[PDB]
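Working notes for the structure below.
Numbers here are sequence positions counted from 1. Hydrogens, waters and symmetry mates play no part in the numbers below; they use all other heavy atoms, side chains included.
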Amino acid sequence: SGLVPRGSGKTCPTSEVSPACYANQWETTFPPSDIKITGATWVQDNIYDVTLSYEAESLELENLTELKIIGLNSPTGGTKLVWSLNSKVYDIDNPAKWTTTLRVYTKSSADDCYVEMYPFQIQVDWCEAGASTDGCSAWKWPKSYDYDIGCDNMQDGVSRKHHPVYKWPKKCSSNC
Ligand code: NA
């Protein structure tokens, strides 16, 4: 009885979530960052829910105008906001380190035991449009910039992106 559902996901082995490509060099513009997927769950067909982890050198939360994922290939929208003064979304405590859930479309990876998500960007905007300007004049970097995530735009082992996208087993299976 207890094992039968009442009507009409699989989490991926964490060790099997890893980068979908490697390179000798990656783009090094903007503050240093560490951006990766840390878990995946199969929803249905080519749709998964993933945990994106972000760490980067930053200003303070009060300086932050907007922080969002853009260009996302997803059934629930091309944009996910993590912080937006203008749209009133307040989902993180610290801009330097946070996770977020993303629902994403996938495609078959080179090794077809795995699937991978599509390229996307993380746009960061500081010190404008109602954000505090305190400490913004000591900031060495631009006030607005984008981390580019992808396994595309790679020539002879050099990527023009900041970080790879991630792959994980198809259906979050344990076969791989
Ligand atoms: Na948080």
Handout entry: Connected hydrophobic set around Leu81, excluding itself, where side chains approach under 4.5 Å
Key = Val89
Problem - Whichever hydrophobic residues join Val4 through chains of side-chain contacts under 4.5 Å - result: none
Can you get from [X] to [Y] by hopping between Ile, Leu, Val, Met, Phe, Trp and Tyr side chains that sit under 4.5 Å apart?
X	Y	value
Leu67	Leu85	yes
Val17	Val115	yes
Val82	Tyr90	yes
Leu59	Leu61	yes
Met154	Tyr166	no

Practice task
Step by step, work out the salt bridge (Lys or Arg N to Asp or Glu O under 4.0 Å) result for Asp112 and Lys170.
Solution key: CA-CA 8 Å; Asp112 69 18; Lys170 181 170 152 112; over 6 Å; no
Exercise for the section: Could you go through the side chain to side chain contact (heavy atoms under 4.5 Å, CB included) check for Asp152 and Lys161 one step at a time? Expected result: CA-CA 8 Å; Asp152 60 344; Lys161 307 272 175 138; 3.1 Å; yes
Practice task
Not counting sequence neighbours, which residues clear side-chain contact (heavy atoms from CB on, under 4.5 Å) with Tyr118? List them please.
Solution key: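 For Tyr118, the residues satisfying side-chain contact (heavy atoms from CB on, under 4.5 Å) (neighbours in sequence not counted) are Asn73, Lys107.
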Just verifying a value: how many Å separate [X] [atom1] and [Y] [atom2], rounded to the nearest 0.5 Å?
X	Y	atom1	atom2	value
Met117	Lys167	CE	NZ	15.5 Å
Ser109	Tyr114	OG	OH	9.0 Å
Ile92	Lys97	CD1	NZ	13.5 Å
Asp156	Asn24	CG	CG	10.0 Å
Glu116	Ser18	CD	OG	10.5 Å

Exercise for the section: Could you verify whether a donor N or O on one side chain and an acceptor N or O on the other, from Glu55 and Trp98, lie under 3.5 Å apart? Expected result: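 The criterion, which ignores hydrogens and geometry beyond distance, is not satisfied for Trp98 and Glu55.
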Practice task
Answer yes if the side chains of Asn175 and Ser173 hold a donor-acceptor pair under 3.5 Å, and no otherwise.
Solution key: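 The criterion, which ignores hydrogens and geometry beyond distance, is satisfied for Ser173 and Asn175.
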Handout entry: Non-hydrogen atoms of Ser58 and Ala96 that approach each other most closely
Key = OG-CA, 3.3 Å
Handout entry: Minimum heavy-atom distance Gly150-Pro119, with the two atoms named
Key =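 Looking at all heavy atoms of both residues, the shortest contact is CA-CB, 4.2 Å.
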Taking C-beta and beyond as the side chain, do [X] and [Y] meet within less than 4.5 Å on heavy atoms?
X	Y	answer
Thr79	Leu72	no
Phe120	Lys80	no
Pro95	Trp83	no

Handout entry: Partners meeting salt bridge (charged side-chain N to carboxylate O under 4.0 Å, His left out) with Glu66 (sequence neighbours left out)
Key = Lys68
Contacts table for residues 26-53: side-chain donor-acceptor under 3.5 angstrom, sequence neighbours left out:
residue : atom : partner : partner atom : Å
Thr29   : OG1  : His162  : NE2          : 2.7
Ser33   : OG   : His163  : NE2          : 2.7
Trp42   : NE1  : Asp45   : O            : 2.6
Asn46   : ND2  : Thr106  : O            : 3.0
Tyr48   : OH   : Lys171  : N            : 2.8
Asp49   : OD1  : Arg103  : NE           : 2.7
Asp49   : OD2  : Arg103  : NH2          : 2.9

Could you list the donor-acceptor pairs under 3.5 angstrom formed between side-chain atoms of residues 122-137 and any protein atom two or more places apart in sequence or on another chain?
residue : atom : partner : partner atom : Å
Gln123  : NE2  : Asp146  : OD1          : 2.4
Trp126  : NE1  : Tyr145  : OH           : 2.8
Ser132  : OG   : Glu62   : OE2          : 3.0
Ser132  : OG   : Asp134  : N            : 3.1

